[PDB]
Every structure is written in C-alpha cells, then in structure tokens.
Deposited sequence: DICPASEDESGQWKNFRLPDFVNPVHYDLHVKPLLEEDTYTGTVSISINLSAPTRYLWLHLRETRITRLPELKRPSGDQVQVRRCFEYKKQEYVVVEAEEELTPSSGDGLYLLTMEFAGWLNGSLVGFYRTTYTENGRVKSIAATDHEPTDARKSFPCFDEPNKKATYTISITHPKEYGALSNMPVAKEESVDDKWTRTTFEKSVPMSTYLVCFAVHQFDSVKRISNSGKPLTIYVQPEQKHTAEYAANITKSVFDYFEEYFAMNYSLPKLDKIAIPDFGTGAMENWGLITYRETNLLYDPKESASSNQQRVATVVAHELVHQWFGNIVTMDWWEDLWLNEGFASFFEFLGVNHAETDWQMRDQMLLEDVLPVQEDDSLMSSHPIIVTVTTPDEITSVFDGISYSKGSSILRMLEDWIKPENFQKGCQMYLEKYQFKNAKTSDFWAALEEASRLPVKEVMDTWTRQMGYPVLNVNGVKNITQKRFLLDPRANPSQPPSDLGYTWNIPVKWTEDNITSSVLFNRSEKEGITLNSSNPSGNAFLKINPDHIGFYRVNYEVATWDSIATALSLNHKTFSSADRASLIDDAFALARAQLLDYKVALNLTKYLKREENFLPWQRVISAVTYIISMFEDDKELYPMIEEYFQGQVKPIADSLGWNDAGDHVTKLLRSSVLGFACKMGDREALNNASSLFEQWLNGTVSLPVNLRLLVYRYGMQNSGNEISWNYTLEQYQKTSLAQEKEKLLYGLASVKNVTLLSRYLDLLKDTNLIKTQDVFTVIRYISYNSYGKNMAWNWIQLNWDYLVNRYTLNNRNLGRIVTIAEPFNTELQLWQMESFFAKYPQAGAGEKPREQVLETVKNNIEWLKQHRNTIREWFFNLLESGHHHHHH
C-alpha cells in the first residue's frame, strides 16, 4: 500500500547482489513488540557511505512492511526530497527514488536513511518472533530473533549481506515485567509509562546483519566469570535452572581455552546463552547472545544420556568458535561459508577435548564428520566446498555436510600435514589481519603460507574448488595411483566440468613398522608415485587422517582379514574402523568384491572398541536395509551379525558402568543387538519398559532411548502409547521429550501412527521445531517408512505454507526416501517431484535422494547373489 509492489526492472535493483557503492556504517534500531498482539513496530536510522551518483537507494526487506514514507538526510544535514518508494519482490528489495539523485560521501560525513516498519511475531521461527511456555500453570511469553542467512531482512529493513558490516546501537521498548537482551550489555533503562521500559544497549563493534540479535524474556540465569573477568551467563526457565549447570561449566572451560588458543581477545564485554522454547535450528552464534534449541543446551546428569552430554558440550564449543571464526572474521560471500562452519566443526573438537579429557574427541572426528561426509561426497550430486549460490534458497541449502564435515575434514588433513604448531600460528595471523572485516578462501591459504612456506594454496585449492575425493589404488605393495571415487560406477567421472579435472594434490602419510613418513602426491604425476627397509606391509593413511580412500591389492586385503582374526590389536582402533569403512565403501562402489569386505568382519567376536563398532554398524545398517524384504537373505545376515555383537553386548550388560566412551559403546552395541533380533537383548528392553510403565523406576540414562524404542516396538499397545504421550507432555527436559517421541514412533500399529501424524498439525502438542524430527522417526518404522512418505505428499501444500520453500529442514525432508530401492519407489518419487517442481531449498536434497535411490536399485542387481553366496557358504 505505502510502498506498493512494482514490476519495474529497469534499475540496479534487478540484480540479486547489492551494489558496490552503497555502504552502511551505523544502525540506529528501535523495536516495540505488542507481545499479546503478536505484532511489533520499529524505526531504523542507517548511516550510508555512497560512492556513486544514484537516483535510487535500495536494501532488503521481506514480509515486514514499511509504514511511513522514509526520509533521507544529506551528509551536510539537509532533508533529501523523496518522489516515491516501492517494493521489488523478485529480489527482496524496498526501493526509494529521490527527486534528483545525489553524490558520494567524500569526507567523514554520511547520508542518514530512516524508515518506520511493522511486522508479525506469529507463524514463523525466523526474523523476530514470539513463543510460549508454561510456568507454574501460567502461559508465559518470550520473543527472540533468528536471521542466518537471509532473515535479518524480515526483522527490520537492512543491507542484508554478510560483507555489509556496520555498527549497532539497539533499543527496545517492552513491558516492564520483562527483561531485554541483545548482543551488547545494557547501557540505560528508562520508564516510558508506569507500564513500559525502554532498554538501550551500548554501541556494537562492526558486525554482519545475520548476527544481530535481541530478546524479550522472563528467564532466570546461571552465571560464571571468565579468566578475562567478563560475565558468562546462561538464561534458563526457573523450572529448568538446574539443567543449565553443565553448559555453564563447558562455556567457562572452552571460552578460556579458545581465547588462549587463537591468541585473541573476545570482542565484547559479555556473553549470554539462551534456549528459546521453540527454535528453528540447533543453535545460532549471535555475537554475545547465543541462542539454542533446548536439546543442545540443557542437560540433566540424572536424566540425560552421555550422548546428550557430548552433544551439549560440542554445540556450545561449536558456537564459541564462531565468536572468533565467523564473528570477528566473516566470509565475504556465502560461497565461502565453510570459513565459518568448517572451522567451527573443526575447533569444536579441540574445545571439548580440553574440557573433557577422556572423551577421545580427536578420534571421534572420524565418526562425526570424516567418514559420514565421505559417503556424501562420493555422489555426483555433491558440490565443491566453494559453492556458487545465486538465490536465498541456494544460500540456505549449503549449510550442509560439505560446508561442515568436509570443511572440518580438509582442515584436519591440513593441520596434520602442516603440523599443529604452524597451523595454530597461521590461524592467529589470519585472525589478526581480517579482524572486523571479511575474507575469501584465498585470504586464508595465504595466511597459512606465511606460517609454512609450503605450497598451501596450490595443494588445498584442489580439495576446495572441485567436488569429490580420490581413491588411492595400490599396485605391488608400494606404487599408488589416484582416481576419483564415485559410488556409482556408471557415472561420468569427469562431470560436472572442473578446471582441475578431478586430480588432487594429496598429502600422503603412511606407517612402515611403527615409523611414519610423508610425501605430497603431485597432480602432475599422472602415472602415480612410489612410496620410499625391505617391506612386507604398508599402512597407508594412518587414523584416516587424509580425505581419501586406500584400495589395497586384494591379497593385501585378504591378509588384513587374517591379521584381524589372529590379533586385531595389531591395528589401532581408528585404523581398524578406517580399513573397514573403506572396504565396505569400495565394495559398494564395485571397486572391491564384497567377499573381501565381509571377510574383514569375521574377527568381530573379539572386537571391543567404539570406533570400529560404529563403522561396522553403519556399513551393516545399509546392507541390512537393502535386504529388508528379502526373506532369503535377511535372516542369514541377521543371524551372522547377531553372533558377532553378542559377546560385547553381553560383556557390557544392561547398566551404566564405565567411562564416557564405554557407555556410548554399550548404547550402540546393545541397540545393534536389538536391531539384529537377539531375543535376550529385546527381552531386556521389554522388561525395563514394563518397569518404566509402573511410573516410579527411573531408567539408566544411556539405555532409555533403546528401552523406549524396542520396548514400544515389542510390547507397545494403545494403553502404553497414551501413557508415553502423557509423559512426553509432562517432562520439562527437552532431551527426554525427544527420546519419548522416538518411542512413540516405534509402535507397530497403523492406527496409532496415524494419530501421531495428525498431532503434527497440533501446535499445542508438537512444537514447530520438532515436526521434521517426528516425521523422520516415523519414517524409520517398518509401517511408517511408507506412512511418513505418503503423509508429506498429501500434506505438501500445508507444509510449504507453514514453513516456506526457503526452510532448510523442509527441503531436506525428502531424504526419508533414502532407503528406497525399487523402480516402483523411484517412479513414485519422480512423479511427486514433477507434481511439485518448485523445490526451493529442497532442490539439492531431491537430486541427492534420487541419486541414492538409483544407486540402491543398481546395487541390488549387482550384489544380491554375491552377498547371498558369502552368507550361505558361511552359515
């Protein structure tokens, strides 16, 4: 109405990217929520550095409307006259046109642009929004913001690109029963009415829009003080106050550890953490005001699992890394998003390893990032680490395994190759140089090149400007060659076109009889290299430290299987996991006969370590799911793997005894025993479940999930389902809530799963943040694999309307179709995609799941007989 939409394309605002010549310096931002009305108003004054004659000024805005014709100031101070404003929908712009046009800001003076705006707090988890919780039976409110990547523009009009850094002074007018938080400490509070308070916060350092955050709350708090003397506090519902203790501990330990490690002071005078009762992501690193989903922040040692403990520790550590990597130094464009997320995914492990000594975190990187992303990045529908993004939907899509896990993995390779000492020193220098400014990937290589004089740019570029990774082919124990590793043998290894032609500079490390050597394998050595002691065995890629697979000669592989049978401790736990992971991926890729791979599992009755078991379980999970409906193969695979875990499952027993890693092992090992149909493990789950239903017994924390799942699956009925649903509502602990939702997803009853699906539309029962989690859980159920898939189809229009096509979790939901393995199922997927071809942030996930389902079909055709023979002959 006031800035009507116009389809006028003839101007620079048709460009997706903001212009070079318009630049903000300072934001004067005021918001006033009407909490009970689910509305807000605000004005913003922006100081602008103009560089080129322009008759239009434009910036980002979505959903929120401008309410008053905006007003512009010359650097002298005069009022610039305004002819019109109009919204440009296609690129999310509000555009203002001067009668005239004016000239650059030449001195220290700047233009001032001021605009009034009104928006909504309801129906969304992005921008500025309100949600509720219950305290002592009263419904309470809390409002907060969430912006990354392109939602700042929903909160208030701004120059919403990460490189358009400016300084912030924020003020909020709110009811006095509430406190107000932002990025910075509170400067001054003044009474507006006898009812309203205006809270003003002190000036910010230059920062990106996506990091700007404020909240209105009635939360209690748990406090700690850094070595720097700065208050670190976690805000938390009074009811849940006890569950903030652990996160408080970890924040102190990791904050103190990082400041020392990066040799840089934290830029702000305080740091706050707070979990919003309904929160769309896991956590967000807003400078000084880090927001969380409760499952990632709130932990009860009496109720939560070690899995939960580690998740809390890791996400806090992750979010703290961003205070240096991401906040102080930010990427110039989202194409370089890995400079934020990859670095956070790397240092999170260093952080938690300091805080928790016997968690073997450095090894756990293999389980969390390296090996899983090696699956992802073996598909044709992967993408290079540096990713071309041209729409908001494309931007939000690349918050994925490549940015995080491959990013983490190639940094891990880099540190080892370049040595930790020099890696550290290089990071510091990068951090010194670009502080409060923006960097490109090139800027980071050059930084480390100063620390090593090694050819970092030349080597790392190959891991960074093309998708995929290599397999190393072993010829004659000692000669290696490189070839791109793709899961689909039929795929064209040269597509999509890459300047580097899918050859890499691979820093290669190996172990000759306990002694370790190093070589860089040049791209230009087209016919491979030879590794420099009259040897009979060569352990290549120790601890799977490089981002590649090693394919030994078959005879070698055969001797490894024998060596594992004789004395498995010959190899380190990581090395075992790695060899196993490679073998099975190689087999999957038709690069290694499956008999060779399966031979490596024969030793397992004596396997006792976490890492190998995790990668074995991952590999078997895939094979077993491909044979679910095969009445012939399944029992035989079940029977075998049941026999292989049985000793360790029995040995560890159904009880929380031992150190961290041991307790995690028991969880996954007992779970696998249950999965494989071990009658005695299932009976343990059923017995405990039956006891839990008596309403007193508090289950051992690391067994709960297994007990809810297998307990419900084996003896669940309407009575226990209803009970479990009540218990889910009643517990305050989000970590317990989540386990209970998985439990409810486990019942073997179509009617009850149908009720559960219907609950997804009920926001009094399932929170908006949790809908996709629940859908995914149901999809794992033997009945619900198809129910969830059908439901998202029938309710696609409803989901799009509720979440929008820009929602990451909605785009990814199609991956529930991953276990599909027939031409029928593939046709269903394709028909549904063709009916709803606007995929938004789901465009890549659709590509990926189709490639996966196609590979499954092929895989069955190629391998069913081979895998049959191995099992038939054995059993």
Go through the deposited sequence from residue 1 and tell me which stretches lack C-alpha coordinates, in order. 533-536, 880-888
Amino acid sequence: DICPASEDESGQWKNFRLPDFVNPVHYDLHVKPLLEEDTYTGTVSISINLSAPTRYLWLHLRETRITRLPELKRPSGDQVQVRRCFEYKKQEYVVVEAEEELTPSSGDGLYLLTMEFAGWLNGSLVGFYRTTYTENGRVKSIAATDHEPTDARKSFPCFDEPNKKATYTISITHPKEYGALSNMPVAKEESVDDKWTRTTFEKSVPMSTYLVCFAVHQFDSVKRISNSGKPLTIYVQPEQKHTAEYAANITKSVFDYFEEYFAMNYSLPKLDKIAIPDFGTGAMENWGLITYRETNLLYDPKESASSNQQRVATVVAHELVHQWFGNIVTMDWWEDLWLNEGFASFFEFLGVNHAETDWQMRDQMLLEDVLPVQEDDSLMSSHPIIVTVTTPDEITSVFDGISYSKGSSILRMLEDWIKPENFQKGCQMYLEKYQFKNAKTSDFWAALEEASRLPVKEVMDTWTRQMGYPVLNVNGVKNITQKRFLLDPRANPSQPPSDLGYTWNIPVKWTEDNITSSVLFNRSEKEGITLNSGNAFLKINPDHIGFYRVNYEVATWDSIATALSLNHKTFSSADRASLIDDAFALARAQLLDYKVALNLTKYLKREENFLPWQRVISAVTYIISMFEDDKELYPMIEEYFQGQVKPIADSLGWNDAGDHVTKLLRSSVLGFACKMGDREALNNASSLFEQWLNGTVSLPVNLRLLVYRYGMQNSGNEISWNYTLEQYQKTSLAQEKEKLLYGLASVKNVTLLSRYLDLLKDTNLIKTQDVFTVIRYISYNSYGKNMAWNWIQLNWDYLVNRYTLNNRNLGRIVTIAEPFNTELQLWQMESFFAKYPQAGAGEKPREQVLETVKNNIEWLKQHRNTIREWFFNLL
From here on, numbers count along this sequence of modelled residues.
Stretch with higher mean Cα temperature factor, 9-17 vs 855-863, is 9-17
Can you tell me whether 227-235 has a higher mean C-alpha B factor than 141-149 in this record, or the other way round? 227-235
By the CA temperature factor listed in this entry, which of these ranks top: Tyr594, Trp417, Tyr640, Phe219? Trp417
Quick one: which of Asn479, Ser687, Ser345, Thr773 has the biggest Cα B-factor according to the entry? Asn479
Would you please rank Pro700 by its C-alpha temperature factor against the other modelled residues of its chain and give the third it falls in: lowest, middle or highest? middle
Which third of the chain holds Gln240 when residues are ordered by C-alpha B factor: lowest, middle or highest? lowest
Quick check for you: using the entry's CA B-factors within this chain, is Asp28 in the lowest, middle or highest third? highest
Compared with the other modelled residues in the chain, in which third is the CA B-factor of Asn807? lowest
Check where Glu294 lands among this chain's C-alpha B-factors and tell me if it's the lowest, middle or highest third. lowest
